[PDB]
Amino acid sequence: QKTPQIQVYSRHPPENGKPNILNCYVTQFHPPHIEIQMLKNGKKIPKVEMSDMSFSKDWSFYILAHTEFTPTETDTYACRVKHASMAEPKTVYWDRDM
Amino acid sequence: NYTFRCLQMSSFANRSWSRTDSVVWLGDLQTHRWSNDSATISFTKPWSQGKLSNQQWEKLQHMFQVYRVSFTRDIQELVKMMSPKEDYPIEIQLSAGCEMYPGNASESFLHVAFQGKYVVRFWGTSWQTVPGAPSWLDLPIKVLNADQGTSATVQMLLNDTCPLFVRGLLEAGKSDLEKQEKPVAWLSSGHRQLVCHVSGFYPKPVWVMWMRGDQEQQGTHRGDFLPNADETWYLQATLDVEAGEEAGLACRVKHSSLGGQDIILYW
Ligand SMILES: *[C@@H]1O[C@H](CO[C@@H]2O[C@@H](C)[C@@H](O)[C@@H](O)[C@@H]2O)[C@@H](O[C@@H]2O[C@H](CO)[C@@H](O[C@@H]3O[C@H](CO[C@H]4O[C@H](CO)[C@@H](O)[C@H](O)[C@@H]4O)[C@@H](O)[C@H](O[C@H]4O[C@H](CO)[C@@H](O)[C@H](O)[C@@H]4O)[C@@H]3O)[C@H](O)[C@H]2NC(C)=O)[C@H](O)[C@H]1NC(C)=O
Ligand SMILES: CCCCCCCC(=O)N[C@@H](CO[C@H]1O[C@H](CO)[C@H](O)[C@H](O)[C@H]1O)[C@H](O)[C@H](O)CCCC(=O)Nc1cccc(CCCCC)c1
Ligand SMILES: CCCCCCCCCCCCCCCC(=O)O
Ligand SMILES: *[C@@H]1O[C@H](CO)[C@@H](O)[C@H](O)[C@H]1NC(C)=O
Ligand SMILES: *[C@@H]1O[C@H](CO)[C@@H](O)[C@H](O)[C@H]1NC(C)=O
C-alpha cells in the first residue's frame, strides 16, 4: 500500500482575472481506488475533469485532474485526496506560483 | 525509440465484484482506452486503428474481448481454488507491448504484477514466474503453459502483431507524433528559492537553466516532468539564492518548437 503524492500547478501563467486551467497530478499510490476533489475556498468544484487512470514503470498508479479557474487575490485553490493508505483526506493548496 | 504499452488494470474486490480497465500509450500519447463498461476498444486518436482495415480491427478486438472474459473467469476460479490462503481484495496489472528501434525491428514484453509487485512475464515460448514471486503461482503458471493455443497466440501478438500494428500507428499518426508545441515560461519565488515555470511544451525533451549572463548556474534543480491535460508538458527549475543577488539572473529555455529562438526571462 502506497501513499498518493499530490502536485498542483497551472497550465498558463497565473494572472489575476484571466481564465486558466488548474492541474492536480496525483501519483505513486496503490491500490488504485482513489477519491480526488478540487476545491475553491474549501468547497468542492463541480466540473472537474479526470484523465484515465494509468500506471508507471514501477506499477504505482497516477491520474491527472484539471479544472477551469480564474485566479484572483481573494480565492484559494486546493486538491483533496482520499485514499485507503491515509487515515484522513490529504489536502494540498495551490501555492499561487505553480 | 517509440514504446507501445498496453496497460491493463484489474481490481477484484470480492467474489461478486471485479473490473478490468485498459489504457494504451504510444510513447507519451494515449492512443486507446478500454473501459470495463464498454464492449469495444475506444479510440483516443483519429489514427488509433493504425493501418488496420475495419475487419482486421474487429478480429483483433474480438480476440481481446474473448481474453478479457477468460482472464476474469480464470482469476476468480484461481481465487476460489486457493481460498482461504489467497483472498480478496486483489489487484492485477499487465504491461504488454513493444519498443520500436531505429530501422531495425523491435523487442516485445509482457509483464504481470500482483498486489503492485512484478511476478510473471511471458518470454520466449512460455509464461514464467520471476525470481522472488510467491511460490503458489508456480502451479497455475505450469497449467497456463500447457495451453499451447494460448502460448501460440501470445507469441504471435508479441513477436508479429505488435510491431506491425505500431508501424501502422507511426505512419497514420505522424503529424500528431511529430507535433511541436511552444513552452510558455514565468518566474516566481533573506534566502529565496527562485522558480522558473515552463508549460505547454511538446515533445518532452527540453532544456531549462538559470543563468547569470552566459554562465549556467549549476545550483539549478530541475523538477519532475508533469503532464498538462492537453498532451503538453510542465516543468519547473529552481535555484536557491541569497537576498540581493537576484539581479542579473535569468531563466533560459531551449526547445525544438522555438526554432533556435530561446525564451530568456530576466528576474
Ligand atoms: C517469438 O520470439 C521468441 C524470442 O523472443 C523473445 O521472447 C518474445 C516473447 C519477446 O518478448 C521478444 O522480445 C524476446 O526477445 C521465441 O522464443 C524462442 O523460441 C525458440 C524455439 O521456438 C527457443 O529455442 C530453443 O532454445 C532452447 C534453449 O533455450 C535456452 O538457451 C538460450 C541461449 O542458448 C536462451 O535464449 C533461452 O532463454 C534459454 O535459456 C533449446 O534447448 C531448444 O533446442 C531444442 O529444440 C529445437 C527445436 O525448437 C531442436 O532443433 C533442438 O535440437 C533442441 O532439441 C530451442 O532451440 C528460444 O529459447 C526462445 N527464446 C527465448 C529467449 O526463450 C518464440 O519462438 C517466437 N515465437 C514465434 C511464434 O515467432
Ligand atoms: C495479454 C494477453 C492476451 C493474449 C490472448 C490470450 C488468448 C486467450 O484469450 N486465451 C483464453 C482462451 O483459450 C482458448 O482459445 C484460444 C484461441 O482463442 C486457444 O485455442 C486455446 O487453446 C483455448 O484454450 C484462455 O482461457 C487463457 O487462459 C486466458 C487467460 C489469460 C491469462 O494471461 N491468464 C493468466 C492466468 C494465470 C496467471 C496469470 C498471470 C498471473 C496473475 C497473478 C494471479 C494470467
Ligand atoms: C498483448 C500485447 C499485444 C500488442 C498487439 C498490438 C495490438 C493491440 C491494440 C491495442 C488494444 C488492446 C487494448 C487491451 C489491453 C489489454 O486488455 O491487454
Ligand atoms: C464488493 O466490493 C464492492 C466494491 O468495493 C462493494 O461496493 C460491495 O459492497 C462488495 N459486495 C459484496 C456483495 O460484498
Ligand atoms: C465489468 O464488466 C463485466 C462484463 O461486462 C460485468 O459483468 C461486471 O459487473 C463489470 N463490473 C463493474 C464493477 O461494473
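Numbered from 1 within each chain, the chains take letters A, B, ... in sequence-line order. The figures here come from the full heavy-atom set of this structure, side chains too, leaving out hydrogens, waters and symmetry mates.
Looking at B:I90, there are no atoms closer than 4.5 Å to chain A (heavy atoms on both sides), in backbone or side chain. Proximity to chain A is absent for every atom of B:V195, based on heavy atoms less than 4.5 angstrom apart. Interface residue A:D97: backbone and side-chain heavy atoms are both found under 4.5 Å from chain B. The contact between A:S10 and chain B is made by backbone and side chain atoms together, counting heavy-atom distances below 4.5 Å. Of the atoms belonging to A:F55, heavy atoms from both backbone and side chain fall under 4.5 Å from chain B. When heavy atoms are compared at a cutoff of 4.5 Å, A:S51 does not approach chain B at all. Proximity to chain A is absent for every atom of B:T44, based on heavy atoms less than 4.5 angstrom apart. The parts of B:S95 that come within reach of chain A are both its backbone and its side chain, each placing non-hydrogen atoms under 4.5 angstrom from that chain. Only the backbone of A:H12 has a heavy atom closer than 4.5 Å to any heavy atom of chain B. For B:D230, the part lying near chain A is the side chain, with the backbone staying farther off; criterion is any non-hydrogen pair under 4.5 Å.
Summarising the local packing, NZ of B:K45 is surrounded by more than 12 heavy atoms from other residues, nucleotides or ligands at distances under 6.0 Å. The environment of B:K117 atom NZ is sparse: at most 12 non-hydrogen atoms of other residues, nucleotides or ligands sit within 6.0 angstrom. Within 6.0 Å of NZ in A:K82 there are 12 or fewer heavy atoms belonging to other residues, nucleotides or ligands. Surrounding CZ of A:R96 are more than 12 heavy atoms belonging to other residues, nucleotides or ligands, all under 6.0 Å away.
Annotation: the span from B:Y118 atom OH to A:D58 atom CG amounts to 14.5 Å, rounded to 0.5 Å. Rounded to the nearest 0.5 Å, atoms NZ (A:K57) and CZ (B:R5) are 6.0 Å apart. The line from CD of B:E91 to CH2 of A:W59 is 11.0 Å long, rounded to the nearest 0.5 Å. How far CG of B:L226 is from CG of A:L64: 9.5 Å, rounded to the nearest 0.5 Å. In this structure, B:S199 OG and A:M98 CE are separated by 10.5 Å, a value rounded to the nearest 0.5 Å.
Side-chain contact between B:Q30 and A:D52 is present, with at least one heavy-atom pair separated by less than 4.5 Å. When side chains are defined from C-beta on, A:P31 does not count as touching B:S11, because their heavy atoms never get closer than 4.5 Å.
Looking at every heavy atom in both residues, B:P227 comes nearest to A:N23 through O-ND2, 4.3 Å. Taking all atoms of both residues into account, the shortest heavy-atom contact from A:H30 to B:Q93 is CE1-OE1, 4.1 Å.
Interface check for chain A: of the options B:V23, B:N228, B:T232, the most heavy-atom pairs under 4.5 Å are formed by B:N228. Ranking B:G116, B:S35, B:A13, B:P89 against chain A, the residue ahead of the rest is B:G116, based on heavy-atom pairs under 4.5 Å.
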A:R11 and B:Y234: CA distance, side-chain angles, deciding distance, side chain to side chain contact (heavy atoms under 4.5 Å, CB included) verdict | CA-CA 8 Å; A:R11 169 69 180 72; B:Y234 178 103; over 6 Å; no

